[PDB]
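J.: In order, the protein sequence lines correspond to chains A, B and C. Each residue of the first sequence is one higher than the one before, counting from 9 in the numbering used here. Each residue of the second sequence is one higher than the one before, counting from 189 in the numbering used here. Each residue of the third sequence is one higher than the one before, counting from 426 in the numbering used here. Take a look at the following structure, please.
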Amino acid sequence: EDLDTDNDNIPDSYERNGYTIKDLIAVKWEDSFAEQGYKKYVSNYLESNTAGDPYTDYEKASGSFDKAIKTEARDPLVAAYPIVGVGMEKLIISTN
Amino acid sequence: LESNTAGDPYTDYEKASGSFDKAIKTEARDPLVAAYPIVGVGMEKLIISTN
Amino acid sequence: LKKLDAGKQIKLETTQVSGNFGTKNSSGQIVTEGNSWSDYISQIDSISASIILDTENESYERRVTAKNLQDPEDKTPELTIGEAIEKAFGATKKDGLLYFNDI
Ligand SMILES: [Ca+2]
Ligand SMILES: [Ca+2]
């Protein structure tokens, strides 16, 4: 019950039941852990990257990527994703 | 404590050994005399016109 | 052009500054190409503070990593402001006051 199938460095029982990241190793989830400020992560043990973004469920929870990523995207279910539209500020009309 | 003491791409050994581009001036073989090309552009003819 | 005569100032805003840094290749060869600063720019600004110095002959700006107490897994050191300044500019403590060279 301590074996990793999708090889995301998170054993299946951890991903299935619950886990957080301590000292960059995957430890199982305790409710007293939320005191210091850790978060409860849970993901698909059948997928390298559960959210679908190029980053693996480990990398997301670990926070070991581009640090400019918004922190909520560390949840292996909140996809890291840039959403870009183009707004307009000045509207100039002429006849030239 | 330095691969290349002078700072140029050539190591202190290579400099003293002389085992590089032989066109390098010989004083640059001293691992403290940096091998370095110093290039400015001079002017010889000055032509002014209205065309 | 009439807005200049009232004395309003022309600003020269300059955005993104694409460039390169120099790494030491596995052959002792420093390489500049492929080492895009703009790759790491986004990272650094996110976890840092911005420190500038006036020094009325030439200005100095630095970036220094912050702690973000709200994360237990960020084992980065913790710094007071005054501590950051002396490391960001190589300042000295002559008397507990901080001195740049003599300033
Ligand atoms: Ca997974
Ligand atoms: Ca797994």
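By construction, the Cβ of each residue, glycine as well, lies at the ideal position given by its N, Cα and C atoms.
When you compare the CB of B:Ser191 with every CB in chain C, is at least one pair closer than 9 Å?
T.: Yes, because at least one Cβ of chain C sits closer than 9 Å to the Cβ of B:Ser191.
J.: Within the 9 Å Cβ cut-off, does C:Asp499 reach chain A?
T.: Closer than 9 Å: yes.
J.: Below 8 Å, is the gap between the Cβ of A:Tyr63 and the nearest heavy atom of ligand 2?
T.: No, the beta carbon of A:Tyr63 sits no closer than 8 Å to any heavy atom of ligand 2.
J.: At a Cβ cut of 7 Å, what residues of the region 62-90 of chain A count as close to chain D, listed as they run along the chain?
T.: In the displayed structure, chain D is absent; the protein chains listed are A, B and C.
J.: B:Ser237: buried (16+ other C-beta within 10 angstroms of its C-beta) or exposed?
T.: Looking at its Cβ environment, which holds fewer than 16 other Cβ atoms inside 10 Å, B:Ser237 is exposed.
J.: If you follow the alpha helix (DSSP H) that A:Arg24 is part of, which residue opens it and which one closes it?
T.: Per DSSP, A:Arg24 belongs to the alpha helix (DSSP H) from 20-25.
J.: Which chain B residues are close to C:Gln454, counting only those with a beta carbon under 8 Å from its beta carbon?
T.: Ordered by position in chain B, the residues that pass the 8 Å Cβ test against C:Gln454 are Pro197.
J.: Cβ of C:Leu523 within 9 Å of Cβ of C:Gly507?
T.: Yes, the pair counts as a contact, with Cβ atoms nearer than the cut-off.
J.: Using the beta-carbon count (16 or more within 10 Å), is B:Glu190 buried or exposed?
T.: Answer is exposed; the Cβ neighbour count stays below 16.
J.: Return the chain-ordered list of same chain residues with a C-beta closer than 6 Å to the C-beta of C:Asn445, the five sequence neighbours on each side being excluded.
T.: So the qualifying residues of the chain are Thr457, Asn460.
J.: Taking the DSSP output, what are the residues bridged to C:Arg487?
T.: Note: C:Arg487 sits in a beta bridge opposite C:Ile476.
J.: Over the uninterrupted alpha helix (DSSP H) stretch that includes A:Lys68, give me the two end residues.
T.: 65-70 is the extent of the alpha helix (DSSP H) around A:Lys68.
J.: Please say whether A:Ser51 and A:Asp74 have beta carbons closer to each other than 9 Å?
T.: No. Outside cutoff.
J.: Can a CB atom of chain A be found closer than 9 Å to the CB of C:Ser471?
T.: Chain A contact via Cβ: present.
J.: According to DSSP, simplified to helix, strand and coil, what is C:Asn482?
T.: The answer is helix: DSSP assigns C:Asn482 an H, G or I state.
J.: Examine the Cβ distances between the region 93-100 of chain A and the region 196-212 of chain B and report whether three or more of them are shorter than 8 Å.
T.: No, they do not touch.
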